[PDB]
Amino acid sequence: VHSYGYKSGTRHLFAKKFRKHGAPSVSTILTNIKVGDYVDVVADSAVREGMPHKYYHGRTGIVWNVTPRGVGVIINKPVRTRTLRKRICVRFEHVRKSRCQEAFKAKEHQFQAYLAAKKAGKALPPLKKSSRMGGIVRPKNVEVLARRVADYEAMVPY
Amino acid sequence: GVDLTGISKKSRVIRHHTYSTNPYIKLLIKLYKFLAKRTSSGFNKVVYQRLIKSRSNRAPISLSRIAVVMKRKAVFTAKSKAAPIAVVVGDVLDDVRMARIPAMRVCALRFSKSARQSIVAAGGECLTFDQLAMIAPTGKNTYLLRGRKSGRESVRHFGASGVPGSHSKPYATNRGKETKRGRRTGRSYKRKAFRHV
Amino acid sequence: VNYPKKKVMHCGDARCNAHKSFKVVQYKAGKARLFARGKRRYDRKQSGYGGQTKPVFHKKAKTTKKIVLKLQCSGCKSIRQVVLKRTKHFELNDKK
Amino acid sequence: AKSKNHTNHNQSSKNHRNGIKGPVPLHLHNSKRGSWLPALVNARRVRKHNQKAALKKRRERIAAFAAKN
Amino acid sequence: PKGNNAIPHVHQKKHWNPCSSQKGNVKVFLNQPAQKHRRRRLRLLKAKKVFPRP
RNA sequence: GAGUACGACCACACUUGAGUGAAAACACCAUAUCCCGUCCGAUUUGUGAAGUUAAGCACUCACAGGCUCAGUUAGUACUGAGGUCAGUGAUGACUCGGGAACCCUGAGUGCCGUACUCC
RNA sequence: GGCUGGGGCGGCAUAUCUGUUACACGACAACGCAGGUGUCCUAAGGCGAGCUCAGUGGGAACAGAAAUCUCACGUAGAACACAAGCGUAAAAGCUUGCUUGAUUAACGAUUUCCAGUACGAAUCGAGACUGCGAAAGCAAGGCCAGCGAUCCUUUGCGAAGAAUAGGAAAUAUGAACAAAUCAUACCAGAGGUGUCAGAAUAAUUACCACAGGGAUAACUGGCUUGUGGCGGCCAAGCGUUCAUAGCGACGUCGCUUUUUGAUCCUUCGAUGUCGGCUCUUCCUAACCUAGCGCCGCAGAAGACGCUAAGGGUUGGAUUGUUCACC
RNA sequence: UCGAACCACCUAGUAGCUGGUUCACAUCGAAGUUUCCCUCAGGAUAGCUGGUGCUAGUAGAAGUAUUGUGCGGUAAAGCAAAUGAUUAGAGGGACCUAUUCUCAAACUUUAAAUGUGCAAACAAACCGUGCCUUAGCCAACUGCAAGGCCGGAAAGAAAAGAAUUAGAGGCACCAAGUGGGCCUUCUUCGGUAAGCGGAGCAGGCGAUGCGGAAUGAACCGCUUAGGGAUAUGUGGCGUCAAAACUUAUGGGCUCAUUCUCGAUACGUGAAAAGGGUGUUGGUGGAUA
RNA sequence: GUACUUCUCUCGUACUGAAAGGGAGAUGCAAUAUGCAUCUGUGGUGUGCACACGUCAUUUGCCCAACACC
């Protein structure tokens with residue numbers, strides 16, 4: 001980076017992948033964003049206006065303001081001794097709802113559905129056990145490890 | 001050598017003793033240093049914590065702050081059982097802005113002359129900390145108060161004036177001196193009145 | 001830069017309060033007047049002995065000037081001042 | 001004399017010496033002044049009516065207490 | 001100047017300190033009470049001469 | 001089992017050369033007063049329905065090109081940590097660990113909704 | 001003025017924009033690499049509609065490699081004011097139609113540089129009046145470089161009319177009053193600092209001075225060895241013949257510190273800074289002297305090599321010379 | 001005394017420059033970097049640091065894992081894939097077709113290791129034909145937005161390898177010194193190279209000795225209150241010199257004639273190409 | 001020197017606009033270009049010592065200071 005411009009470092013970060021070129025698909029226009037929701041900021045390059053800065057590409061935060069064509073996101077940018085909490089304004093083409101929170105909110109459902117399942121039983125599925133615990137092994141086939149005379153002429157090709 | 005990065009950075013400053021030359025304060029801490037030790041009560045060791053704080057950290061509450069606050073608690077108490085004592089480790093002052101105060105049995109280190117009359121004339125008492133050891137040795141059914149520390153002109157000057165979103169009073173003897181750049185929007189710029197953090 | 005002699009913009013007054021066709025005239029104007037407060041002061045400082053008392057500017061780095069347009073609302077009477085980018089040659093010229 | 005030196009050398013050792021303080025919680029500063037306004041207005045027009053209703057509950061719990069005893 | 005301190009306007013530039021070089025416009029009131037006892041002694045003596053005139 | 005209208009993912013859907021297509025659709029088509037648009041009713045626009053599956057479209061096919069997934073390439077290349085390791089060096093092996101890519105082989109050649117309709 | 005592999009001269013690395021260095025977030029230096037900026041545009045801005053581009057191939061009076069018509073192919077190989085990158089195919093390109101969203105925008109927030117200050121540029125909004133479009137929608141310039149403090153000067157807004165009274169609504173001041181001028185104020189713009197967070201600026205000193213610097217040049221010494229010097233390896237060829245008696249190209253591997261550079265580690269409250277004379281000593285890559293191998297060594301003279309530094313190594317003309325020549 | 005005399009005074013002239021700056025012990029303990037400056041031997045500013053603290057001693061904890069989920073174009077690879085270089089033959093002089101040798105910091109389909117953003121149960125999230133409120137959305141309307149209220153449950157986070165902690169979080173005031181750095185593993189640019197110049201991630205010296213490499217700022221071990229014991233690290237056991245009074249009842253290899261064979265990494269703090277029927281091993285082929 | 005003294009002076013209790021000028025409570029009713037009444041009172045919400053009544057550190061009450069949103 002010689003010139004320290006606005007979008008000074010990027011012929012790759014902002015390039016579209018090979019044979020993925022195109023303008024943004026419908027499915028990302030028909031997503032809707034509620035305030036408080038987590039989001040990935042990934043800048044699409046086929047929409048000029050509204051891009052996030054080079055730093056924010058690839059981060060996640062909590063949407064806060066929602067405007068007709070815009071959004072806004074709260075992202076943690078570490079600075080000298082501290083993390084400022086930055087508010088950026090993006091055109092939502094660059095925004096995708098994050099799956100980050102997901103496996104947790106699925107752990108919470110599979111607890112409650114578990115709990116209402118014990119309430120009056122029906123019992124419950126069995127608890128899987130460790131693979132690291134003991135056992136006798138009954139080998140179906142057994143072979144020998146050795147270094148072969150032939151193994152060396154394979155490592156000098158040609 | 002054992003590895004303890006720091007170790008100078010978990011350590012904090014406490015200062016058990018007092019910085020006051022007052023011979024009477026040195027008696028009051030003598031009482032609570034004793035009876036915050038052996039008493040097994042929360043109240044009674046907070047006032048020992050508070051009794052060594054230098055004047056800046058003990059801010060006077062006005063009267064009418066005790067009254068308003070204690071009228072908020074007196075509503076939800078049982079009508080049979082009432083014995084709250086206003087216990088303040090600072091100075092208690094006289095509020096000209098309020099008249100007709102009930103009778104509160106306030107306790108304090110020092111009373112404004114107009115504040116003490118303005119209590120007893122309305123029927124309450126004023127009882128200092130050598131009494132309250134006799135009335136509330138456990139601190140039982142006391143009501144402990146602090147002050148108001150955030151309106152001081154020193155707390156108002158803190159922070160830089162020209163930082164965006166900082167409303168702070170700069171140091172100048174002539175107030176008409178610094179209005180004219182970075183304050184007014186017209187010339188060079190105006191410091192932003194509000195900034196998200 | 002060719003720019004129209006007449007431009008339909010907007011007029012701000014309650015009397016204007018719509019798009020009105022204006023009349024475009026360039027701002028190259030001010031004539032320094034004596035008895036302006038800063039000139040009355042520079043004559044009391046400059047007077048007498050001592051040299052030039054106020055810094056005179058020599059090093060001139062710019063070849064252009066921003067172009068201010070005085071636009072006079074036709075049906076409503078106010079003038080507006082609109083600023084444009086820097087250009088070395090500015091000309092008001094009908095449609096091309 | 002060549003005075004133009006630039007280094008990052010000791011810095012991230014200093015930046016972590018008081019540590020990098022983690023972010024401020026979501027609940028702490030909201031202060032929505034950004035903001036999309038016609039939603040912001042309709043938020044205060046409710047946030048007033050929640051004050052009346054909540055300050056009324058302050059009165060109904062004054063009576064209901066003294067009512068109890 | 002360093003820090004948040006106020007912008008000092010103290011006007012001491014003119015020569016005031018009586019530096020071994022110069023003299024310097026310093027007025028000192030160390031004689032205040034001796035002139036307090038003198039203005040009184042001279043109100044009494046005039047009262048003693050003016051007598052019995054108010 | 002299909003068609004049409006709207007579609008989601010956007011080649012397992014494309015590209016080329018062949019083959020076959022029930023009904024209903026789709027379309028090609030006939031035409032140019034009127035609305036409309038051009039050098040040209042070609043595109044287009046308006047009227048309608050005599051003709052054909054020839055073409056589009058749907059389907060099947062090809063030791064087809066491409067593309068999808070998995071193998072192999074290969075625990076090789078590279079690489080985080082280590083040495084009072086080897087070597088004059090260039091570099092390399094070793095130790096605790098992560099671990100590729102093309103060619104090459106085999107297998108696949110769209111799928112999923114709403115609405116109306118055909119046997 | 002400044003930066004500066006001493007200073008000067010040159011340059012601009014001084015404000016700046018794209019690719020790379022840059023090490024798969026971001027950040028990252030050099031007088032590192034390859035280029036840009038101070039402008040240009042009432043259309044090259046805004047929008048709707050129709051179309052498809054560079055090129056290739058078949059065919060058509062003159063007409064050809066190259067004119068215009070026609071068909072087919074055509075993933076962008078074209079274009080988008082310009083440097084570069086990125087992005088775009090019923091468009092962001094081209095043609096065409098209507099237009100002024102290149103205006104105003106209540107002191108909204110935010111990004112970039114960053115101290116999380118300003119400037120520049122940019123993103124997201126809310127209000128006014130609009131433009132194009134059947135409509136959804138699009139537009140506050142041409143995405144992203146194309147720019148400017150305090151003070152001073154200068155222009156624009158505060159039309160008329162009404163108020164029994166300064167209010168919801170009439171711009172304020174000239175301070176004893178009141179008018180009409182004049183001046184000033186509050187708001188938004190322009191005139192500019194290119195050293196670009198913004199001084200008003202030509203030389204010489206060998207007659208020179210001061211404060212300091214080994215933070216920094218002119219000696220030695222140190223590192224390095226390109227350059228100079230010296231040597232080896234391979235063997236195309238020369239030597240009538242025959243690679244190697246003696247040489248040895250194209251290549252290639254080293255050594256030395258008697259050359260010149262490169263650097264700037266030591267010395268600036270001081271290491272006396274060319275050459276000769278004098279005097280001693282050391283090194284060997286050996287000129288003579290001792291012993292020897294080998295030859296394109298018949299003898300004579302000599303070539304090449306080995307051990308070996310014990311001994312020796314001159315008299316002069318010219319030049320301040322070292323060097324050089326007789 | 002002269003490229004501006006002498007005397008006294010303004011005058012203790014100004015200096016970002018050189019020199020100096022007098023008692024002890026204790027608790028702590030840096031920086032040579034950022035941004036701006038006619039700025040580059042200096043300052044202001046953030047950072048590092050100390051003092052005073054405030055605040056309800058596990059809160060808004062983390063220079064680290066695991067799980068889930070995002071981001072990426074360096075090393076590698078590729079030219080039989082685009083862009084740019086590029087050798088040769090063949091097939092149907094140039095061409096055309098399919099291959100071929102060789103490449104790229106400013107090329108790329110593909111694409112690591114190390115990294116980086118977030119999340120992982122107490123102001124939160126999850127659940128409800130709950131209710132209230134709106135000048136928000138809509139052709140709906142008890143749907144969706146928001147602030148609440150009231151109920152529900154809460155392994156307080158199971159099982160699956162399924163975390164750990166010398167984890168009191170958080171806020172504030174005042175202020176010093178520093179803003180010439182230098183060295184090293186690895187990455188790394190200019191240079192033939194440099195004990196040269198310039199950076200990245202870190203660790204050190206600076207400021208710090210002590211044990212060790214004979215010696216050395218930085219290497220190796222180690223981290224220092226005043227003492228004793230036992231044990232060790234790096235490095236060592238022929239004498240110097242503590243330890244094999246020259247250990248083994250261990251295996252090989254090596255003879256080096258004047259800078260004298262070799263023998264402490266970092267330390268080219270010294271050696272290469274090329275040679276040797278010196279000696280000691282091995283691989284392949286061959287005659288008996 | 002100590003002892004004594006006042007009207008005043010001055011820093012404060014209020015700020016804002018260039019200025020002429022203006023100038024701050026709560027609740028209820030209520031919408032009146034100065035609405036009306038009451039006056040023992042935190043403007044509201046989330047977090048938050050001590051205290052109080054419970055419970056197996058913690059439920060609720062009030063929450064002082066203080067932080068944040070209005």
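Since every read-out is calculated from the coordinates, none of them should be taken as a lab result. Note: ideal-geometry Cβ built from the backbone for every residue, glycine included; neighbour counts use all protein chains shown.
Numbers at a glance
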read-out: Residue check, residue D:2 near RNA strand G (Cβ under 9 Å from one of its atoms) and charged (D, E, K, R); value: yes
read-out: Cβ pairs under 6 Å, 6+ apart, first in region E:1-15 and more than 12 Å from chain B (Cβ to nearest Cβ), second in a loop (DSSP other than H, G, I, E, B); value: E:15/E:22; E:15/E:24
read-out: Spans of strands (runs of 3 or more DSSP E) in region A:61-158 with at least 3 residues within 16 Å of RNA strand F (Cβ to nearest atom) and surrounded by 10 or more Cβ atoms within 10 Å (Cβ to Cβ); value: A:95-97
read-out: Verdict on residue B:191 being within 16 Å of RNA strand H (Cβ to nearest atom), more than 22 Å from the chain's Cα centre (by Cα) and more than 14 Å from chain E (Cβ to nearest Cβ); value: yes
read-out: Residue A:36, sole failed condition from (1) away from RNA strand I (no atom under 16 Å from the Cβ); (2) assigned to a loop (DSSP other than H, G, I, E, B); (3) exposed (fewer than 12 other Cβ atoms within 10 Å of the Cβ); value: (1)
read-out: Selection from region D:1-24 of residues that are more than 9 Å from chain A (Cβ to nearest Cβ) and either closer than 17 Å to residue A:79 by Cα or of a type in the set (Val, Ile, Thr) (or both); value: D:7, D:8, D:9, D:10, D:12, D:13
read-out: Among residues of region B:52-86, those that are hydrophobic (A, V, I, L, M, F, W, C) and within 14 Å of chain D (Cβ to nearest Cβ), counted; value: 5
read-out: Residue match in region B:52-60 (condition: out of contact with any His (no Cβ under 8 Å at 6 or more places or on another chain), among the basic types (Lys, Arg), touching a residue at least 60 places away in the same chain (Cβ under 8 Å) and part of a helix (DSSP H, G or I)); value: no
read-out: Residue tally, condition over 30 Å from residue B:123 (Cβ atoms) and not β-branched (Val, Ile, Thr), over region B:43-72; value: 8
read-out: Some residue of region B:93-106 being acidic (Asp, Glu) and loosely packed, with under 13 Cβ neighbours inside 10 Å; value: no
read-out: Filtered residues of region A:70-84 (kept if of a type outside the set (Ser, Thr, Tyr) and within 11 Å of chain D (Cβ to nearest Cβ)); value: A:70, A:71, A:72, A:74, A:75, A:76, A:77, A:78, A:79, A:80, A:82, A:84
read-out: Matching residues, region B:95-146, being on the phi > 0 side of the Ramachandran plot, free of Cβ contacts under 8 Å to residues at least 24 places away in the same chain and of a type outside the set (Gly, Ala, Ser); value: B:100, B:105
read-out: Positions within region B:154-179 being away from chain E (no Cβ under 11 Å) and surrounded by fewer than 10 Cβ atoms within 10 Å (Cβ to Cβ), in sequence order; value: B:154, B:175, B:176
read-out: Index of the failed condition, residue A:10 passing every other in (1) within 16 Å of RNA strand F (Cβ to nearest atom); (2) in contact (Cβ under 8 Å) with a residue 40 or more places away in the chain; (3) loosely packed, with under 15 Cβ neighbours inside 10 Å; value: (1)
read-out: Unmet criterion (only one of (1) in a helix (DSSP H, G or I); (2) without any contact (Cβ under 8 Å) to a residue 40 or more places away in the chain; (3) within 30 Å of residue B:97 (Cα to Cα)) for residue B:34; value: (3)
read-out: Residue count, region D:11-28 (criterion: surrounded by 10 or more Cβ atoms within 10 Å (Cβ to Cβ) and either touching a strand residue (DSSP E or B) at 6+ places or on another chain (Cβ under 8 Å) or in a helix (DSSP H, G or I) (or both)); value: 10
read-out: Residue within region B:142-153 that is within 14 Å of chain E (Cβ to nearest Cβ), more than 30 Å from residue B:44 (Cα to Cα), within 21 Å of the chain's Cα centre (by Cα) and loosely packed, with under 13 Cβ neighbours inside 10 Å present; value: yes
read-out: Those residues of region B:135-175 which are part of a strand (DSSP E or B) and farther than 23 Å from residue B:63 by Cα, in sequence order; value: none
read-out: Residue within region D:27-46 that is free of Cβ contacts under 8 Å to residues at least 40 places away in the same chain, over 18 Å from residue A:35 (Cβ atoms) and more than 14 Å from chain A (Cβ to nearest Cβ) present; value: no
read-out: Residue match in region A:47-57 (condition: part of a strand (DSSP E or B) and closer than 28 Å to residue D:15 by Cβ); value: no
